[PDB]
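As structure tokens, the structure follows; a few thoughts come after it.
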Amino acid sequence: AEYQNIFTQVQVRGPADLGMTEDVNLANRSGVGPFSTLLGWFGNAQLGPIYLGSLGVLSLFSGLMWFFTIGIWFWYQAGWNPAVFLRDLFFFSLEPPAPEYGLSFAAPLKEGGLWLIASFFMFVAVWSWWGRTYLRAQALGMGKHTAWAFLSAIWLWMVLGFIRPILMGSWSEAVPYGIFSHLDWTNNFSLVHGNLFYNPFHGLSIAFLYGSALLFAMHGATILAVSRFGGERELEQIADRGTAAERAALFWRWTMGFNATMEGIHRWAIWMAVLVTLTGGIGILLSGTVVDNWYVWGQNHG
Amino acid sequence: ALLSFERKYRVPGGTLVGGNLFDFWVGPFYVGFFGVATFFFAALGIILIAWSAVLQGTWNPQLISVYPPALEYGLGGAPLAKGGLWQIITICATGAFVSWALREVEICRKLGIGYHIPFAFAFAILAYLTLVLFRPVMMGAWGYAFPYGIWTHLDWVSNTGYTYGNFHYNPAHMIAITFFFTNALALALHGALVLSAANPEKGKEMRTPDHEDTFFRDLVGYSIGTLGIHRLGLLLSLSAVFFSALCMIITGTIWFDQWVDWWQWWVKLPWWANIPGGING
Amino acid sequence: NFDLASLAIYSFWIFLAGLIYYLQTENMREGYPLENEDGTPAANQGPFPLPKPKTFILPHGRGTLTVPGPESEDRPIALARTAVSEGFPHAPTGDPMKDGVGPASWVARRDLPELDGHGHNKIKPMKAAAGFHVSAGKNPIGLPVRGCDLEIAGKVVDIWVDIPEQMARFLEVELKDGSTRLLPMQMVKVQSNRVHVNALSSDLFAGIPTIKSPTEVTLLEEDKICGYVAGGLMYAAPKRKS
Ligand code: BCL
Ligand code: BCL
Ligand code: BCL
Ligand code: BCL
Ligand SMILES: CC[C@H]1c2cc3[nH]c4c(c3C)C(=O)[C@H](C(=O)OC)c4c3nc(cc4[nH]c(cc(n2)[C@@H]1C)c(C(C)=O)c4C)[C@@H](C)[C@@H]3CCC(=O)OC/C=C(\C)CCC[C@H](C)CCC[C@H](C)CCCC(C)C
Ligand SMILES: CC[C@H]1c2cc3[nH]c4c(c3C)C(=O)[C@H](C(=O)OC)c4c3nc(cc4[nH]c(cc(n2)[C@@H]1C)c(C(C)=O)c4C)[C@@H](C)[C@@H]3CCC(=O)OC/C=C(\C)CCC[C@H](C)CCC[C@H](C)CCCC(C)C
Ligand SMILES: COC1=C(OC)C(=O)C(C/C=C(\C)CC/C=C(\C)CC/C=C(\C)CC/C=C(\C)CC/C=C(\C)CC/C=C(\C)CC/C=C(/C)CC/C=C(\C)CC/C=C(\C)CCC=C(C)C)=C(C)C1=O
Ligand SMILES: COC(C)(C)C(=O)C/C=C(\C)CC/C=C(\C)CC/C=C(\C)CCCC/C(C)=C/CC[C@H](C)CC/C=C(\C)CCC=C(C)C
Ligand SMILES: CCCCCCCC/C=C/CCCCCCCC(=O)OC[C@@H](O)COP(=O)(O)O
Ligand SMILES: CCCCCCCC/C=C/CCCCCCCC(=O)OC[C@@H](O)COP(=O)(O)O
Ligand SMILES: CCCCCCCC/C=C/CCCCCCCC(=O)OC[C@H](O)CO
Ligand SMILES: CCCCCCCCCCCC[N+](C)(C)[O-]
Ligand SMILES: CCCCCCCCCCCC[N+](C)(C)[O-]
Ligand SMILES: CCCCCCCCCCCC
Ligand SMILES: CCCCCCCCCCCC
Ligand SMILES: [Fe+3]
């Protein structure tokens, strides 16, 4: 049953690749970790090294603090009982201050103050991680596309936790930190706003989320179908088109009448994915600030 | 019209049915026997939609809706205007989707490439069939399927979901969502990585795949690699649609309660069901 | 009725249309302008214009690439029209495997090896790659290679490895006459007792194009090799038994 190239047949191992140097401060690179044969069946077997500078340390510290602040609250909700902790783990919730406190930072610890403290830690962790994605690319002389795309995900997170609560007048509009509680929040959000299915920016966000799975299925399958001509070596196929790039393009031209280039498909890809959270963020931003009822708003505009 | 490099690929052969009878192109489009079959099912399905739009009495595309038969019709045939057009359109849509996949196979053969693409497309057909065929038949009526209208099929989604409480609690639905999110994350990362290597900082030469691996190792300590990322993209998108169909085929067939109940097993196990405090004691 | 939400959604649709026009033109940097089947430019190029040229500076002193630019196959194409009207197949005038047309096609890529980030050859035979070894799965080296006629064409004498990615790309196979050919990893099955190749019969292995150097393979050579092997799926089908 013909080789499908989904799993590697024969793994090979050589000395560890320590990576390109360019302008990277090599002081901050770790050593090499162990090779994983298990990972080697699907992708590369090598683990590490990793780069850990000031921003990465600041990010991991803030992130652990965020995690530990939620965990301490969860233990307190479980009356310090480990069995209650495991039993009710998905039900614990660190909720935002009640609406009475408005945007003040003066909520008592057990009445929303811990939420503000956790949110501060998560704010530092994500933004310093963002700075890291920019500086890691700059140190290798790369384009900044990864930082720009990350900003789109950051935008929706900023709208949910920070910009929309501020525009609403209350931290109590923000999202709680809990497995089940943030699902309940999501469902209540749609009900309170008159059915999010009728928010056109929600509809667009769904088309791009579906579209992202459509496109990666198409692109991943296409590349595997032309890997017998070295198609996954996409950079050199951009610099010097080979029969892999031509057959890939012709498959889609013959199928649906038009096609991409090896470079150009990755522009379709980045935009398809970043538009998910770009449109989503706008849809949430407008809910409650401008539109109270998406269904009723929908009926008066067709 | 041809792409500048296209001529040498436009050879005879590769068809599964019909020999050289349909082995030709219309513009960029390859035809083949299953191109003819696709056109047939598509044309007829679009005619029936037109017919049903007249019966409904509107030309507005946002209002046209072709409904399946009432639950009382069970799995039986229905009159055209009382659910029968929906039944015939579903046959045409199925015919067109399967014909499309087999036309893709013929294109694969003529070009000498792997069959991954029509294989991946088959998962989407399977998910469509889960909602209009497999699940309705297991529940005993065509009316459990969704209507064909831009906005009515969203109403169907909301109606079906809230029937079982907050559908969020369906555990296969959680896994599918995780794959959909992780896929869009991987797609953004992969498109960004390639473009950032092909289009580096001003004043720089093109980067190499080694720079892509170095970037991801510096960032998170691991690079899956150029082949692995395309395998991963395939696996993420297909697993998302697989668990999507799984989460619907079990709803209303082996599960009838609010989905939040499913976890309430974990809550009321006897060695902690009665411990006071927490959330569930 | 013109609230801020209506303004936003109308604005987004204008932006999306501009984005689509930009994306489509970016994807016309290769293969355009469209041609007629005789090679002259086509009258109808569509509603999107060609993009203005962009330049890539290739690493390691390999020059620059500007796209789009004047296109050329830079190889003879052994095919003939089978119809006055357009839309019909062009038929091989010779041996399509040897002439490299159809699914046996190759592209006139640069006759240079792909280089890694450090400027060394990206693909090397294992017997010249200090440190490299098989680490999991069946080591094929010394196994017999079998074609779709269930006859034996030779035996595996090396693996050609992608050094930067630590990946097996080609099996080097020694033929009955003592010469060797490269076989793409993606077109073989490593089994417990043999390597099976469905695309070729044993007697088409010697027609695999040969490389100029025992220790490197150029981009041009890889395309000729991979195109030939893949073309066996259509053109060696007579000799594909059971
Ligand atoms: C998958 C789970 C649910 C469901 C839940 C939702 C939800 C929830 C939403 C949609 C949305 C949409 N869905 Mg629905 N939808 C389902 C099944 C379908 C089927 C089908 C035959 O199975 C189709 C064709 C559609 C089609 C559509 C579009 C009208 C719209 C955006 C989709 C998109 O971009 O996807 C990704 C694909 C692409 C980007 C490629 C292009 C696909 C094109 C645009 C599809 C056009 C179809 C056309 C209108 C109908 C046929 C016309 C022929 C001439 C006969 N849905 C099932 C029942 N769907 C969203 C919306 O805005 O609805 C108004 C939305 O919010
Ligand atoms: C009853 C429930 C409601 C509903 C309520 C909502 C609400 C409320 C929201 C959505 C939103 C979304 N909905 Mg809806 N939704 C419903 C029905 C659907 C259906 C369906 C078939 O019925 C579908 C397919 C969708 C689909 C979607 C997505 C397109 C969109 C989220 C995009 C995304 O990637 O977010 C995931 C991505 C993020 C949240 C960004 C995260 C970025 C940050 C920076 C990550 C930090 C990581 C942190 C540090 C932890 C690190 C861990 C360590 C690495 C280990 N909805 C119904 C109508 N939906 C969102 C939206 O945009 O709406 C317009 C939204 O807020
Ligand atoms: C978009 C509209 C809603 C929303 C609706 C939904 C729905 C609906 C679902 C989820 C699901 C999940 N959501 Mg949510 N979600 C929202 C915003 C968030 C934010 C955020 C920063 O804003 C975060 C961190 C999460 C986090 C999560 C995960 C727990 C889970 C899978 C995410 C995923 O696929 O990541 C992709 C990224 C990765 C896989 C990389 C690794 C990420 C890790 C796993 C994130 C860890 C978070 C947290 C620390 C985990 C604690 C685990 C133990 C309990 C200690 N959501 C908004 C408010 N989310 C699904 C689920 O399983 O829920 C239980 C689900 O069904
Ligand atoms: C109030 C509503 C409920 C709810 C109820 C449901 C129900 C009910 C279902 C889902 C399903 C889904 N939900 Mg839910 N869901 C909710 C909230 C969410 C949230 C969220 C952020 O809160 C998210 C992210 C999701 C996510 C999802 C996905 C896992 C899944 C949809 C994808 C799918 O099946 O594709 C599958 C893909 C397809 C069906 C597309 C098939 C396309 C075919 C093959 C080709 C079409 C060709 C076209 C006609 C041709 C066009 C021609 C061109 C125009 C030229 N839901 C809330 C709690 N959800 C659905 C599901 O799993 O279905 C299996 C489903 O039915
Ligand atoms: C285009 C939209 C999609 C998107 C894109 C996107 N996300 C991104 C990026 C991009 C382009 C990045 O560049 C960035 C990244 O670095 O990816 C590798 C990121 C990323 N998106 C992430 C998550 C994420 N993205 C999501 C969504 C989306 N991301 C969209 C679908 C979701 C959800 C809910 O769907 C999640 C959960 C992270 C993997 C990463 C951002 C990392 C970050 O900000 O970290 C700050 C916090 C910490 C460093 C510490 C947190 C504390 C924890 C206890 C973990 C640390 C413990 C230990 C050190 C690690 C242990 C666990 C395992 C990883 C080993
Ligand atoms: C499995 C992973 C994802 C996936 C993959 C995927 N889809 C694919 C492929 C792949 C690999 C293709 O090769 C194929 C393609 O050619 O893409 C360009 C396809 C494709 N996926 C498409 C759509 C699509 N895929 C979707 C989803 C997904 N596709 C998954 C998430 C969705 C949604 C809602 O998520 C949609 C809308 C098409 C662009 C294309 C299939 C084209 C096709 O089949 O053409 C033949 C059919 C016609 C020309 C018309 C038939 C008309 C009917 C007779 C009448 C209308 C019936 C319909 C039920 C009415 C619906 C009304 C709606 C409002 C509900
Ligand atoms: C690395 O690689 C990669 C590339 O490449 C380098 C790529 O590109 C791509 C491809 C990806 C992209 C281009 C990115 C953009 C794509 C998306 C965003 C995905 C979303 C897709 C869409 C929204 C487009 C979908 C459009 C579709 C589905 C096609 C629409 C269909 C039609 C308009 C017609 C369909 C044609 C049919 C039915 C088949 C048969 C053809 C006919 C016309 C019918 C037959 C007609 C007849 C019977 C007449 C016969 C006449 C006779 C008898 C007389 C003789 C005739 C003669 C004159 C000869 C990927 C993934 C890739 O990773
Ligand atoms: C044994 O247990 C120990 C103690 C070790 C543990 O650590 C246990 C740990 C756990 C059990 C982990 C539990 C963690 C979770 C359940 C995480 C679940 C979280 C979510 C589902 C997140 C949902 C969405 C979160 C959002 C939207 C956050 C928004 C953040 C804001 C954008 C930040 C806004 C900033 C503010 C308000 C501060 C203002 C200050 C400035 C300087 C601006
Ligand atoms: C206040 C918090 C929110 C901040 C802003 C939210 C919205 C941000 C949206 C971001 C998406 C940007 C497009 C993603 C793809 C990027 C394609 C591109 O071309 O990017 C420009 C970049 O190549 C320029 O050259 P380099 O920087 O050298 O790479
Ligand atoms: C009312 C209107 C509201 C919205 C306003 C704009 C609407 C019209 C705009 C449509 C076109 C959008 C094009 C976005 C992409 C542009 C990217 C670009 O040209 O610069 C980035 C540059 O580094 C090149 O990318 P790389 O080569 O990858 O670094
Ligand atoms: C210590 C090791 C722990 C590792 C934990 C990982 C952190 C979580 C991220 C997951 C997203 C993975 C998706 C990978 C997306 C890569 C984008 C891409 O194109 O990579 C191809 C390859 O890397 C080109 O060299
Ligand atoms: C970058 C790729 C572009 C894909 C375009 C997808 C179009 C989907 C349109 C969905 C319509 C949503 N809504 C609410 C405006 O009707
Ligand atoms: C929903 C997103 C799809 C947008 C489709 C963009 C269509 C591009 C058609 C370009 C025509 C190319 N052609 C045939 C002239 O070579
Ligand atoms: C959203 C609908 C997209 C359909 C685009 C089809 C365009 C086919 C191009 C071939 C023209 C000759
Ligand atoms: C009277 C029974 C017909 C109802 C429609 C069934 C859906 C057809 C599925 C695909 C069959 C080829
Ligand atoms: Fe790619």
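Here Swiss-Prot sets the residue numbers for chain B, with the shown residues being 2-282 in order.
According to its header, the structure was obtained by X-ray crystallography, 2.1 Å.
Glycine too: its Cβ is placed from the backbone N, Cα and C atoms.
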* Going by the topological domains in Swiss-Prot, would B:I114 and B:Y163 end up on one side of the membrane? -> no
* **Beyond the flanks of the transmembrane segment (B:117-139) by 6 or more, those residues with Cβ under 8 Å of it** => 69, 76, 91, 94-95, 98-99, 101-103, 105-106, 109, 145-147, 235, 238-239, 242-243, 245-246, 249-250, 252-254
* Contact yes or no, the transmembrane segment (B:84-112) and the transmembrane segment (B:33-56), 3+ Cβ pairs under 8 Å, gap 6+ -> yes
* Structure fact -> Expressed in Å to no decimal places, the gap between the Cα atoms of B:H174 ((7R,8Z)-bacteriochlorophyll b binding site) and B:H231 (Fe cation binding site) is 24
* Asked: If one looks at the chain holding B:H154 ((7R,8Z)-bacteriochlorophyll b binding site), which residues at least 6 apart in sequence have a CB under 8 angstroms from its CB?
  -> B:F147, B:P148
* Structure fact -> Out of the binding-site residues B:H174, B:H191, B:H231, the residue with the smallest number of other Cβ atoms within 10 Å is B:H174
* Which same-chain residues, if any, lie at least 6 apart from B:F217 (ubiquinone binding site) yet have Cβ under 8 Å of it -> B:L194, B:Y223, B:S224, B:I225
* When C-beta separations to chain A are restricted to under 8 angstroms, which of the binding-site residues B:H154, B:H191, B:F217, B:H231 qualify? -> B:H191, B:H231
